[PDB]
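Containing PDB, C-alpha atoms: model.pdb.
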ATOM      1  CA  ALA A   2      94.589-175.799-239.842  1.00  0.00           C
ATOM      2  CA  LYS A   3      95.670-172.980-237.563  1.00  0.00           C
ATOM      3  CA  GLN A   4      95.527-169.467-239.035  1.00  0.00           C
ATOM      4  CA  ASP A   5      98.283-167.777-241.040  1.00  0.00           C
ATOM      5  CA  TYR A   6      99.664-165.682-238.219  1.00  0.00           C
ATOM      6  CA  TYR A   7     102.050-164.035-240.733  1.00  0.00           C
ATOM      7  CA  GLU A   8      99.309-162.771-243.074  1.00  0.00           C
ATOM      8  CA  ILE A   9      97.031-161.700-240.213  1.00  0.00           C
ATOM      9  CA  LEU A  10      99.483-158.904-239.553  1.00  0.00           C
ATOM     10  CA  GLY A  11     100.723-158.893-243.160  1.00  0.00           C
ATOM     11  CA  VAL A  12     104.505-158.846-243.505  1.00  0.00           C
ATOM     12  CA  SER A  13     107.138-160.021-246.066  1.00  0.00           C
ATOM     13  CA  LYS A  14     105.921-163.682-246.000  1.00  0.00           C
ATOM     14  CA  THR A  15     107.394-165.088-242.768  1.00  0.00           C
ATOM     15  CA  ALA A  16     109.967-162.424-241.931  1.00  0.00           C
ATOM     16  CA  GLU A  17     111.855-162.671-238.641  1.00  0.00           C
ATOM     17  CA  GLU A  18     110.161-161.339-235.507  1.00  0.00           C
ATOM     18  CA  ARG A  19     112.511-158.398-236.246  1.00  0.00           C
ATOM     19  CA  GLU A  20     110.065-157.226-238.962  1.00  0.00           C
ATOM     20  CA  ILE A  21     106.920-158.835-237.447  1.00  0.00           C
ATOM     21  CA  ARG A  22     107.284-156.355-234.574  1.00  0.00           C
ATOM     22  CA  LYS A  23     107.207-153.613-237.222  1.00  0.00           C
ATOM     23  CA  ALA A  24     104.066-155.049-238.881  1.00  0.00           C
ATOM     24  CA  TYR A  25     102.488-155.471-235.425  1.00  0.00           C
ATOM     25  CA  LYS A  26     103.343-151.864-234.523  1.00  0.00           C
ATOM     26  CA  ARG A  27     101.738-150.298-237.645  1.00  0.00           C
ATOM     27  CA  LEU A  28      98.756-152.629-237.606  1.00  0.00           C
ATOM     28  CA  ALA A  29      98.156-152.383-233.837  1.00  0.00           C
ATOM     29  CA  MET A  30      97.797-148.593-234.052  1.00  0.00           C
ATOM     30  CA  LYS A  31      95.728-148.823-237.270  1.00  0.00           C
ATOM     31  CA  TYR A  32      93.308-151.360-235.764  1.00  0.00           C
ATOM     32  CA  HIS A  33      93.156-149.741-232.305  1.00  0.00           C
ATOM     33  CA  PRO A  34      89.488-149.145-231.365  1.00  0.00           C
ATOM     34  CA  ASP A  35      90.097-145.645-229.900  1.00  0.00           C
ATOM     35  CA  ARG A  36      86.378-144.909-229.225  1.00  0.00           C
ATOM     36  CA  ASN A  37      85.380-147.020-232.324  1.00  0.00           C
ATOM     37  CA  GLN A  38      83.457-149.169-229.841  1.00  0.00           C
ATOM     38  CA  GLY A  39      80.116-150.821-230.737  1.00  0.00           C
ATOM     39  CA  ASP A  40      81.831-152.080-233.899  1.00  0.00           C
ATOM     40  CA  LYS A  41      83.781-154.357-231.516  1.00  0.00           C
ATOM     41  CA  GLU A  42      85.216-156.577-234.257  1.00  0.00           C
ATOM     42  CA  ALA A  43      87.914-154.048-235.227  1.00  0.00           C
ATOM     43  CA  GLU A  44      89.331-154.431-231.695  1.00  0.00           C
ATOM     44  CA  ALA A  45      88.954-158.203-232.211  1.00  0.00           C
ATOM     45  CA  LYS A  46      91.033-157.712-235.367  1.00  0.00           C
ATOM     46  CA  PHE A  47      93.721-156.105-233.187  1.00  0.00           C
ATOM     47  CA  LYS A  48      93.275-159.188-230.922  1.00  0.00           C
ATOM     48  CA  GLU A  49      94.020-161.464-233.907  1.00  0.00           C
ATOM     49  CA  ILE A  50      97.048-159.335-234.862  1.00  0.00           C
ATOM     50  CA  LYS A  51      98.259-159.581-231.267  1.00  0.00           C
ATOM     51  CA  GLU A  52      97.494-163.343-231.341  1.00  0.00           C
ATOM     52  CA  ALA A  53      99.562-163.575-234.511  1.00  0.00           C
ATOM     53  CA  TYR A  54     102.529-161.741-233.012  1.00  0.00           C
ATOM     54  CA  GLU A  55     102.242-163.821-229.850  1.00  0.00           C
ATOM     55  CA  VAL A  56     102.139-167.173-231.725  1.00  0.00           C
ATOM     56  CA  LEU A  57     105.172-165.903-233.637  1.00  0.00           C
ATOM     57  CA  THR A  58     107.120-165.861-230.370  1.00  0.00           C
ATOM     58  CA  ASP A  59     105.632-169.127-229.022  1.00  0.00           C
ATOM     59  CA  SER A  60     106.998-172.677-229.358  1.00  0.00           C
ATOM     60  CA  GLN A  61     104.647-175.321-230.733  1.00  0.00           C
ATOM     61  CA  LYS A  62     101.937-173.256-232.493  1.00  0.00           C
ATOM     62  CA  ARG A  63     104.814-171.430-234.153  1.00  0.00           C
ATOM     63  CA  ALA A  64     106.325-174.564-235.754  1.00  0.00           C
ATOM     64  CA  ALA A  65     103.520-177.102-236.256  1.00  0.00           C
ATOM     65  CA  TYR A  66     101.769-174.724-238.657  1.00  0.00           C
ATOM     66  CA  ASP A  67     105.025-173.830-240.391  1.00  0.00           C
ATOM     67  CA  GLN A  68     105.771-177.466-241.126  1.00  0.00           C
ATOM     68  CA  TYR A  69     102.224-178.805-241.637  1.00  0.00           C
ATOM     69  CA  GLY A  70      99.279-177.284-239.701  1.00  0.00           C
ATOM     70  CA  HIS A  71      98.901-179.881-236.937  1.00  0.00           C
ATOM     71  CA  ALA A  72     100.378-183.013-238.511  1.00  0.00           C
ATOM     72  CA  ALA A  73     103.972-182.153-237.623  1.00  0.00           C
ATOM     73  CA  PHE A  74     104.479-181.819-233.877  1.00  0.00           C
ATOM     74  CA  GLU A  75     101.570-183.544-232.110  1.00  0.00           C
ATOM     75  CA  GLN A  76     104.047-185.381-229.854  1.00  0.00           C
TER
END
Represent the supplied structure as structure tokens.
Amino acid sequence: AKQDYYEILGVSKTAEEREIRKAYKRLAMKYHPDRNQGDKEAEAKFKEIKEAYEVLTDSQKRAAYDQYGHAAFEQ
């Protein structure tokens, strides 16, 4: 019911974007392909970790989950 965009990076539960940026920074470099092509999914993992960060600055995705997945803010 949406993904846990806090765990996908992996930070102190649901820490402010203040610390999420810090998770995102470590994890982004860790999961950067940097010629680890062919694998392809590891970059996709960086895509998820980006997605996570990005949802964590968004509006609706960011709250509906936090309350209740998508039975919160479907108006």
Evaluated on this file, the PyMOL selection byres ((chain A and resi 30) around 12) picks out some residues - which ones are they, written as a PDB file with C-alpha atoms, in the frame of the given file?
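After the write, selection-v2.pdb holds the following:
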ATOM      1  CA  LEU A  10      99.483-158.904-239.553  1.00  0.00           C
ATOM      2  CA  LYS A  23     107.207-153.613-237.222  1.00  0.00           C
ATOM      3  CA  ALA A  24     104.066-155.049-238.881  1.00  0.00           C
ATOM      4  CA  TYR A  25     102.488-155.471-235.425  1.00  0.00           C
ATOM      5  CA  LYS A  26     103.343-151.864-234.523  1.00  0.00           C
ATOM      6  CA  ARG A  27     101.738-150.298-237.645  1.00  0.00           C
ATOM      7  CA  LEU A  28      98.756-152.629-237.606  1.00  0.00           C
ATOM      8  CA  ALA A  29      98.156-152.383-233.837  1.00  0.00           C
ATOM      9  CA  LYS A  31      95.728-148.823-237.270  1.00  0.00           C
ATOM     10  CA  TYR A  32      93.308-151.360-235.764  1.00  0.00           C
ATOM     11  CA  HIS A  33      93.156-149.741-232.305  1.00  0.00           C
ATOM     12  CA  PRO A  34      89.488-149.145-231.365  1.00  0.00           C
ATOM     13  CA  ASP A  35      90.097-145.645-229.900  1.00  0.00           C
ATOM     14  CA  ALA A  43      87.914-154.048-235.227  1.00  0.00           C
ATOM     15  CA  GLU A  44      89.331-154.431-231.695  1.00  0.00           C
ATOM     16  CA  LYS A  46      91.033-157.712-235.367  1.00  0.00           C
ATOM     17  CA  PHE A  47      93.721-156.105-233.187  1.00  0.00           C
ATOM     18  CA  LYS A  48      93.275-159.188-230.922  1.00  0.00           C
ATOM     19  CA  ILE A  50      97.048-159.335-234.862  1.00  0.00           C
ATOM     20  CA  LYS A  51      98.259-159.581-231.267  1.00  0.00           C
TER      21      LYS A  51
END
Give the answer as one residue: which of A:45, A:64, A:21, A:73 has the shortest atom-to-atom distance to residue 8 of chain A, using all atoms listed in the file?
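Once distances to residue 8 of chain A are computed over all atoms listed in the file, the minimum belongs to A:21.
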Write out as a PyMOL selection string the residues lying within 12 Å of residue 63 of chain A, counting all atoms listed in the file and excluding same-chain residues fewer than 2 positions away.
chain A and resi 3-7+15+18+52-61+65-71+73-74
Give the centre and edge lengths of an axis-aligned box, in Å to one decimal, that holds all listed atoms of segment 25-44 of chain A with 4 Å on each side, as AutoDock Vina command-line options.
--center_x 91.7 --center_y -150.7 --center_z -233.4 --size_x 31.2 --size_y 19.7 --size_z 16.4
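From atom CA of residue 9 of chain A back to atom CA of residue 41 of chain A, the distance works out to 17.5 Å.
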Would you mind reading off the distance between atom CA of residue 42 of chain A and atom CA of residue 11 of chain A, one decimal, in Å?
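Computing it gives 18.0 Å between the two atoms.
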Please reconstruct the missing atoms of segment 28-41 of chain A (target: N, CA and C atoms) and return them as a PDB file, in the coordinates of the input.
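Contents of result-v8.pdb, as written:
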ATOM      1  N   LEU A  28     100.082-152.061-237.513  1.00  0.00           N
ATOM      2  CA  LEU A  28      98.756-152.629-237.606  1.00  0.00           C
ATOM      3  C   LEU A  28      98.027-152.421-236.284  1.00  0.00           C
ATOM      4  N   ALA A  29      98.719-152.601-235.159  1.00  0.00           N
ATOM      5  CA  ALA A  29      98.156-152.383-233.837  1.00  0.00           C
ATOM      6  C   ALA A  29      97.568-150.981-233.726  1.00  0.00           C
ATOM      7  N   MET A  30      98.322-149.947-234.118  1.00  0.00           N
ATOM      8  CA  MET A  30      97.797-148.593-234.052  1.00  0.00           C
ATOM      9  C   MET A  30      96.645-148.409-235.045  1.00  0.00           C
ATOM     10  N   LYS A  31      96.771-148.950-236.260  1.00  0.00           N
ATOM     11  CA  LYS A  31      95.728-148.823-237.270  1.00  0.00           C
ATOM     12  C   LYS A  31      94.413-149.397-236.732  1.00  0.00           C
ATOM     13  N   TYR A  32      94.478-150.588-236.145  1.00  0.00           N
ATOM     14  CA  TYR A  32      93.308-151.360-235.764  1.00  0.00           C
ATOM     15  C   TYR A  32      92.988-151.109-234.288  1.00  0.00           C
ATOM     16  N   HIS A  33      93.526-150.057-233.670  1.00  0.00           N
ATOM     17  CA  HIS A  33      93.156-149.741-232.305  1.00  0.00           C
ATOM     18  C   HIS A  33      91.725-149.202-232.328  1.00  0.00           C
ATOM     19  N   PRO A  34      90.859-149.612-231.389  1.00  0.00           N
ATOM     20  CA  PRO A  34      89.488-149.145-231.365  1.00  0.00           C
ATOM     21  C   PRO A  34      89.452-147.630-231.244  1.00  0.00           C
ATOM     22  N   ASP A  35      90.124-147.068-230.233  1.00  0.00           N
ATOM     23  CA  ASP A  35      90.097-145.645-229.900  1.00  0.00           C
ATOM     24  C   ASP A  35      88.710-145.048-230.156  1.00  0.00           C
ATOM     25  N   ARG A  36      87.798-145.273-229.209  1.00  0.00           N
ATOM     26  CA  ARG A  36      86.378-144.909-229.225  1.00  0.00           C
ATOM     27  C   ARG A  36      85.567-145.481-230.405  1.00  0.00           C
ATOM     28  N   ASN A  37      86.148-146.247-231.339  1.00  0.00           N
ATOM     29  CA  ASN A  37      85.380-147.020-232.324  1.00  0.00           C
ATOM     30  C   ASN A  37      84.892-148.301-231.651  1.00  0.00           C
ATOM     31  N   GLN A  38      84.142-148.119-230.568  1.00  0.00           N
ATOM     32  CA  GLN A  38      83.457-149.169-229.841  1.00  0.00           C
ATOM     33  C   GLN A  38      82.121-149.436-230.549  1.00  0.00           C
ATOM     34  N   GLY A  39      81.378-150.455-230.123  1.00  0.00           N
ATOM     35  CA  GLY A  39      80.116-150.821-230.737  1.00  0.00           C
ATOM     36  C   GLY A  39      80.376-151.699-231.956  1.00  0.00           C
ATOM     37  N   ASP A  40      81.305-151.274-232.817  1.00  0.00           N
ATOM     38  CA  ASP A  40      81.831-152.080-233.899  1.00  0.00           C
ATOM     39  C   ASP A  40      82.334-153.401-233.314  1.00  0.00           C
ATOM     40  N   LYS A  41      83.326-153.318-232.429  1.00  0.00           N
ATOM     41  CA  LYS A  41      83.781-154.357-231.516  1.00  0.00           C
ATOM     42  C   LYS A  41      84.744-155.308-232.229  1.00  0.00           C
TER      43      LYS A  41
END
